[PDB]
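Engineer: enclosed are the sequence and the experimentally obtained structure.
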Amino acid sequence: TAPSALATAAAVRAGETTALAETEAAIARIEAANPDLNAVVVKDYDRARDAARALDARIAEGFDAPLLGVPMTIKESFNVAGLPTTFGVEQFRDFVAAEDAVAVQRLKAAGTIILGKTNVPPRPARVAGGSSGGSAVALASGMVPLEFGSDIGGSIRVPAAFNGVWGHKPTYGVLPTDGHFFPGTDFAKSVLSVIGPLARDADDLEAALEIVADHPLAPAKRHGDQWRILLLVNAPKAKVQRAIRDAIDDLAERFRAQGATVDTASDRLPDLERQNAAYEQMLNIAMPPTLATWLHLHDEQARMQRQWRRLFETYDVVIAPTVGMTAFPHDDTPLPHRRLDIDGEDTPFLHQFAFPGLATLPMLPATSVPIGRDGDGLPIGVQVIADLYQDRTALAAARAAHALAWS
Amino acid sequence: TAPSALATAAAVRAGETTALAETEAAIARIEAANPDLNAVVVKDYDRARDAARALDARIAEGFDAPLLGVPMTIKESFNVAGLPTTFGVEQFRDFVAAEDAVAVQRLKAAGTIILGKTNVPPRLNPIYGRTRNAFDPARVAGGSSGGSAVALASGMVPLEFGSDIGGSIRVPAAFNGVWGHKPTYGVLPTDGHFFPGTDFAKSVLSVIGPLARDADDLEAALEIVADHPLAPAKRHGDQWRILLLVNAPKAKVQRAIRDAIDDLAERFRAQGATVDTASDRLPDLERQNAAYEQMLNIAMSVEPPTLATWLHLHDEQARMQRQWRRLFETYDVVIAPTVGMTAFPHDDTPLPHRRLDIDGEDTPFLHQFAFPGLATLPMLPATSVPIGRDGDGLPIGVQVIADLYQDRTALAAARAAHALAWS
C-alpha cells in the first residue's frame, strides 16, 4: 500500500529517504499509471525536482516541516506561479499565473513539492464524478498521498466517494480562497464555495486542513462520553440506492454496539424543503436577479444555519450519503433533462444535488469517508457533517466510522 | 480600584469570596453610582442573586469556570431571557426575550452573572434617556455602547459587552477611558443581538465585542464568546514594528491626542521597537474611505440601490482588505486615533458636519468617521486603549489595529501600550 503523507514526512525527517527520491518516485508513479486515466492535465516535473533538491539542502541545515518532502498535486483551478489555469479553454493557455495561491504557499511552506495540476472534469468505464475527479483518481492510483480541491456542489465529497478516498469540505471561510479560480461561477469568490483537502486517510486530511486554514480550529468534542449521531438518509425528492442505505444501516449498528447513540429521526431536524429551495436558487445565481432576491437568499441561508446549530445542540455529527448513487455511467444528456436510474427507477438528476447542499448551504463542515463497497464493486462513501467550525469533530467521527466499517 | 474580572474569578475560585457576595457588592455599587449616571437602564437583581446562589451551590461541589462568579452587565440590544429588548423605540418593552443570545449563553456557561442591561445612546435615547460621560456631564458618552463604557468607568461591573458598526465599541471606551475590542468580522456570533440599522440579519462590517478595564479581561471574554479559537500574538521580529496613522484623508486631530501618540511611540522606541510615521505600502485611505461612507448609507436602507452597486461595494472592500494584508506583511500593528477628537459636548440638533471643531478650527463631522472605518471596512481587529488624559482631564484612547484573525496580536500590543503610557 502507498505510504501516507505524514508517514512520508516522518521518513524524510528520519533521513531514511530524501525529498528528491520521494518526488522522483512520485513521477514514476504518475507516468506509469497516468496514460490510462489522464488524471493530470499539467506536468511541472523539472521545477519540482529542483524544488525538491533545494528542500534537501534545507533538511541538511536542520529545517523541519509538518509535511516535509511530500509529493503532491492540486486541482487545476489553483494558481501555481509559472503555470496556466486553462480550465479546458485554449485561449487561456496563453496566460500563466504570476503567483501561487495562498493555499499553495502555505502547503509549500509546509514542505510539499507540487509536481503538477489535475484535470477538472465538467460537473475506466466509471466516471470520476466531479470537477475534482482528477484529484480523487490521482490518489486512488497511489500517485500522490495528498491533494486539494474545490467544492460548490459536492466536487470535493462526491469524487472522493466515487473513488474510495477521503475528502474534507471545510466550514465556509476558514480556508483562504484567493488564488483559486472557482469553476462555473457567475461571481468570483462565489458564496457557498470552499477549497478542501483530499487524502487517503483522516490524519493527512486534518494535517493539510490546519496548515492552510486562516485561524486555528478547535479539537474534536462531544456532548457526552459517547457519539450521538443522526442518520439523514431521506432528503426531499431525493432517492438513494439500496446498497448505500444498507451500508449506512450496518455502520449504525456497529456504532450502537460500541455505545454510540444513533437516531434515525429528530424533531429538531432542519426544514430541508425550505433548505433545498434556497440551495437550488443560490446555485442558479452561482452557476437579472434583484437585490432583494439576493438579500432574501442570505436570510434563508442565515436561518437555515441557525436551525442546524440548534440540532447540533443535541447531536455531534450527522451522517448522510454524499449522493444517492455510487459512481454512474458517462451521460451527455442536458442536466434538466438528465435522467438517473436508482434501483431500476428513472429519476431526475437535479434532485441528487440535495445531498451536497445539506452541508454547503448552512456552511457546515463535511467529511467524505469510504464505508463500504457496492454489489458491482463501486466504492460507497458517506458524508459526516458537523457544527460550524467543528471540522475536527467531523474528521474524528469519520475516523471512528472507518475503523468500524473496515473491521 | 475595582478588581478585574479574572481577579474576581480567582477569589471566588479560591474561596476568599462567594458568588452571591460579588453580585451583591456590584448591585450596591450600581445603586450608589447609577442615579447620577443613568448607565444601567434594566435591572434583573432578584433573578441575578438566585443565579449567584445556584452557582455557589455548584462551586460547593468542584464546579469551576474561567469567569466564575463574575458580575457583569450587557448592552440592551443583546437578548437576555426574561428581559425586554427595545429594538430602537419599538415600544417592545412589554415583550421579553424567550432565549438568551448566543454570546450571553457562552458568558453564563463561563460563570458570569448578568445583573442588568445598559442604555444604548444613539449612534452619531427616548425609551431610557441619556447617559452622561463618566468624566464630564456636558460631554457625550460617544457611541451606541456608551452605557456599557460608563458602567465600567464608574466601577459597577468589571466586564461588559457591546456592538460596533461605526466605532461604537472603540469610541465610547476611549471617551470614558476604558478598554474595548472590536474583533475580526464574523468570529463572535451576532445571533440574539439586534443591530442598529434597517438591513435584516447581521449587517456586513458589524460586530459585537467585549468591553473591560484591562486587556486580559478583554482577551478572556473574546475567547469565551468566539465561535472558533484565535491564534496567539505573533510578531515578524523580536521587536514590535508599528506604523502611526495620525493623518487620515480630510481628517483633523486634536493636538493633545497627536501629542499623546507621539509620546507612546517614543516609549515604544525606548524598548527597542521600530515605530514608523509613514509607509509606502499604506493602502490608500482615499479609496478605502470612499467605500466606507456609502456602505454605512447602504446598510441604512431597504432610489432602490442596485445589486451591482452592492456587488461592487463588496468587491472594493475585498481588495482593500488585500492591501491591508500587504501592509501587515511588514507591520505587526497600526496605531491610530479612535477618532480625531476627545469627548465633545452634546449638540441639540445634529446638522451633518456642524458640531466638529478641531484645535479652534471648524471641521466637517463626517470626516472623523474615517478613523473607525479604518478597521471596519477591511474587517480587521482593533483594540481601543486608554493612553492619556487631555488638559481638560478627558481621557485619550487610541486604536490598535492588526491583521485578519490577529485579535490577540492587537490586544498584546495594546497590553504593552497601556503599560508603557501609565508607567
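Structural biologist: On my side now, so go ahead. Numbers count the residues shown, from 1 in each chain, chains lettered A, B, ... in the order given.
Engineer: setting the sequence-adjacent residues aside, check what's closest to residue A:241.
Structural biologist: residue A:325 (5.3 Å; Cβ to Cβ, 6 or more residues apart in numbering or on different chains). Yep, even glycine has a C-beta here, placed from its N, CA and C like the rest.
Engineer: who's in contact with that neighbour?
Structural biologist: Residue A:325 makes contact with A:240-241, A:244, A:340, A:342, A:352, according to Cβ atoms under 8 Å, 6 or more residues apart in numbering or on different chains.
Engineer: so it: helix, strand or coil?
Structural biologist: coil (DSSP: H, G, I helix; E, B strand; the rest coil).
Engineer: counting neighbours, what do you get for the closest residue in space to residue A:94 that isn't next to it in sequence?
Structural biologist: Distances taken as Cβ to Cβ, 6+ apart put residue A:84 closest to residue A:94, at 7.8 Å, once the chain neighbours are dropped. If you count neighbours by other Cβ atoms under 10 Å in any protein chain shown, residue A:84 ends up with 18.
Engineer: which ones are touching residue A:84?
Structural biologist: Per Cβ under 8 Å, 6+ apart, neighbours of residue A:84: A:42, A:92-97.
Engineer: apply 7 Å and report the result again.
Structural biologist: Residue A:84 is in contact with A:92-93, A:95-96, counting by Cβ atoms under 7 Å, 6 or more residues apart in numbering or on different chains.
Engineer: now tabulate those in TSV and tack on neighbour count, distance to chain B and secondary structure.
Structural biologist: Shown next, in TSV, are the contacts of residue A:84 (neighbours: other Cβ atoms under 10 Å in any protein chain shown; distance: Cβ to the nearest Cβ, whole Å; DSSP: H, G, I helix; E, B strand; the rest coil):
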residue	neighbour count	distance to chain B	secondary structure
A:92	12	22	helix
A:93	12	27	helix
A:95	10	20	coil
A:96	12	21	coil
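Engineer: distance check, residue A:181 against chain B.
Structural biologist: 15 Å (Cβ to the nearest Cβ, to the nearest Å).
Engineer: my read is that that residue contacts residue A:85, right?
Structural biologist: Yes - with contact defined as Cβ atoms under 7 Å, residue A:181 and residue A:85 form a contacting pair (5.6 Å).
Engineer: who touches both of these two?
Structural biologist: Joint contacts of residue A:181 and residue A:85 (Cβ under 7 Å, 6+ apart) are residue A:77.
Engineer: neighbour count winner among these two?
Structural biologist: A count of neighbours by other Cβ under 10 Å puts residue A:85 above the other of residue A:181 and residue A:85, at 24 against 20.
Engineer: residues contacting that one?
Structural biologist: A:76-77, A:79, A:97, A:181.
Engineer: ok, the residue positioned nearest the centre of chain A - contacts?
Structural biologist: Central residue of chain A (Cα atoms, centre = their mean): residue A:156, 2.9 Å from the mean position. Residues near residue A:156 by Cβ under 7 Å, 6+ apart: A:132, A:149-150, A:167, A:169, A:196, A:198.
Engineer: swap in residue A:96?
Structural biologist: Counted by Cβ under 7 Å, 6+ apart, residue A:96 has contacts A:82-84.
Engineer: rerun that using 10 Å as the cut-off
Structural biologist: Residues near residue A:96 by Cβ atoms under 10 Å, 6 or more residues apart in numbering or on different chains: A:79-85.
Engineer: if any of these are buried, put those into a ChimeraX selection.
Structural biologist: In ChimeraX syntax, the buried subset of the contacts of residue A:96 is picked out as below (16 or more other Cβ atoms under 10 Å in any protein chain shown):
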select /A:79,80,83,84,85
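Engineer: show me which residues of the stretch 101-250 of chain A sit near chain B.
Structural biologist: Counting by Cβ under 10 Å from any Cβ of the partner chain, the positions of the stretch 101-250 of chain A adjacent to chain B are A:102, A:171-174, A:176, A:178, A:187-189, A:213-219.
Engineer: at 7 Å instead, please
Structural biologist: A:214-218 (Cβ under 7 Å from any Cβ of the partner chain).
Engineer: now those: which count as buried?
Structural biologist: Buried, going by 16+ other Cβ under 10 Å: A:214-215, A:217, out of those.
Engineer: that older thread, please tell me how far the residue nearest to residue A:241 sits from residue A:358.
Structural biologist: 16 Å (Cβ to Cβ, to the nearest Å).
Engineer: and stretch A:184-191, how far from the chain's centre?
Structural biologist: 18 Å (Cα atoms, centre = their mean, to the nearest Å).
Engineer: contacts for that stretch, please.
Structural biologist: A:123, A:152, A:177, A:182, A:193, A:282, A:285-287.
Engineer: what about residue A:310, distance to chain B?
Structural biologist: Taken as Cβ to the nearest Cβ, the span from residue A:310 to chain B is 10 Å.
Engineer: dump the residue contacts of that residue.
Structural biologist: Residue A:310 neighbours (Cβ under 7 Å, 6+ apart): residue A:268.
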